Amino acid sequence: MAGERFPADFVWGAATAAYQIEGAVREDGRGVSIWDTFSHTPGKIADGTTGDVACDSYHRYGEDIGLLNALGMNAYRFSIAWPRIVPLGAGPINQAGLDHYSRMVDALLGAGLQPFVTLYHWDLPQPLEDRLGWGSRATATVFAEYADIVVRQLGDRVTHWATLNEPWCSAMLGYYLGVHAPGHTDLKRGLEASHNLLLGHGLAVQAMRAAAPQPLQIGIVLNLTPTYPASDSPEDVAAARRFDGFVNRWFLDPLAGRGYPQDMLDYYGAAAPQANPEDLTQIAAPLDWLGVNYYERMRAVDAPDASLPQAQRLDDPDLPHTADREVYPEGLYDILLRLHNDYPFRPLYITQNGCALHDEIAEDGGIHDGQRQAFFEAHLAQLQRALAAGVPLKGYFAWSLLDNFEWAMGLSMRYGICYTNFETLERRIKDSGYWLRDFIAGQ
């Protein structure tokens, strides 16, 4: 109650991504994505799984709606699969794909769930990757075309759109570190990809407003990792700044109209992209909102012998960990205060926040994920502190609605507020999901 109340119009949702949940990978005209190629490459996924079935949400999105409704949410953040809309990436449209999402949008609106659509959550059409993917400027152009196509048919009903989800991931995990699709391992390729992602974003924003049948609220979604030096030594502070630049400022600064950060430009040297002024203008399209995805902090020590950005994580054995990450709720406060004071974007949404645990169905049938309840409660407490500081936060989306295909970790790593039995496709609300239900209902 006191100190726990969000605005009455606050957006409360959960979030997913198409490849992680949909399955039906060859159905209804869908093309091949880089994640189909990657997950079907031996050894890329930890457990031998693919997204071929996943949660079967292409067919079972109505069950997903049932969960959202049972949780008392008022919004659902999901992605549209470009392979279902333009199966060749650049080519004809697939009306069956558009019609599927049209039906889903209508189902959401009929349930009182505002759709928050992500256009690109990592499932680049493989034919585009065969032509260098995000390494090619042309991919940016045809992304904007895709964005146009989708807004023309859904923009009478969906006001809130994001272009990209987490370009750092797509660029640096996909092209530099090789852990995500398409799996390249070259810094220059990653940096070029980052630029073409940003350019695609900016071109898409402009294409979408031109194509819009009503005013839209268009954003981008960034993962941000607040970074802290492990000591105040020059070496460790510099390591923190490089990591901060690598993940955060590289994207935030050009979106803000500030160009690429010059420290990072000079650091990247020959690997840095040719960033002409006209591209940067386009990249800095005004945003109606910015989405923040937050999981963890980085406490950095200098790592001179490591790959760029020469910064290694120093885990704090004080702090608890989940199945895969350190828990640090106060980082969310810090990064939001940073955005509020230091950058121009507003309003803000938390578009993903959640955690993975070794969730199990208990003897009674529930999932007793108390650490995840505590994760949500602690992060939401930080959001109330941020709101009290004036941060213009307008909503929160729990990551994820349901356990899903967790990229290179496969089905093994459970992030849901609902448990997914991947054999039967049954979903079950976890205790943390019931806590969110009851917390939101108190609003």
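Residues carry their position along the shown sequence, with the first being 1.
289-297 versus 260-268: which one carries the higher mean Cα B factor per the record? Per the deposited B-factors, the answer is 260-268.
Averaging C-alpha B-factors over each stretch, which comes out higher, 273-281 or 166-174? The stretch with the larger average C-alpha B-factor is 273-281.
C-alpha B-factor winner, where the candidates are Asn74, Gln373, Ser102, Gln310: Spelled out: the listed residue with the top C-alpha B-factor is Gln310.
Going by the CA temperature factor in the entry, name the top one among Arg84, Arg131, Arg249, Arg346. Across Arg84, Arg131, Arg249, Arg346, the entry lists the biggest C-alpha B-factor for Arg131.
Within this chain's modelled residues, let me know which third the CA B factor of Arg209 belongs to: lowest, middle or highest. Top third by C-alpha B-factor.
Considering every modelled residue of the chain and its Cα B-factor in the PDB entry, is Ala230 in the lowest, middle or highest third? Within its chain, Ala230 is a highest-third residue by C-alpha B-factor, going by the deposited values.
Classify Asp342 as lowest, middle or highest third according to the C-alpha B-factor given in the PDB entry, relative to its own chain. According to the entry, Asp342 has a C-alpha B-factor in the chain's middle third.
For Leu411, does the deposited CA B-factor place it in the lowest, middle or highest third of the chain? Its C-alpha B-factor, which the entry lists for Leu411, ranks in the highest third among residues of this chain.
Would you please rank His379 by its C-alpha temperature factor against the other modelled residues of its chain and give the third it falls in: lowest, middle or highest? Its C-alpha B-factor, which the entry lists for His379, ranks in the lowest third among residues of this chain.
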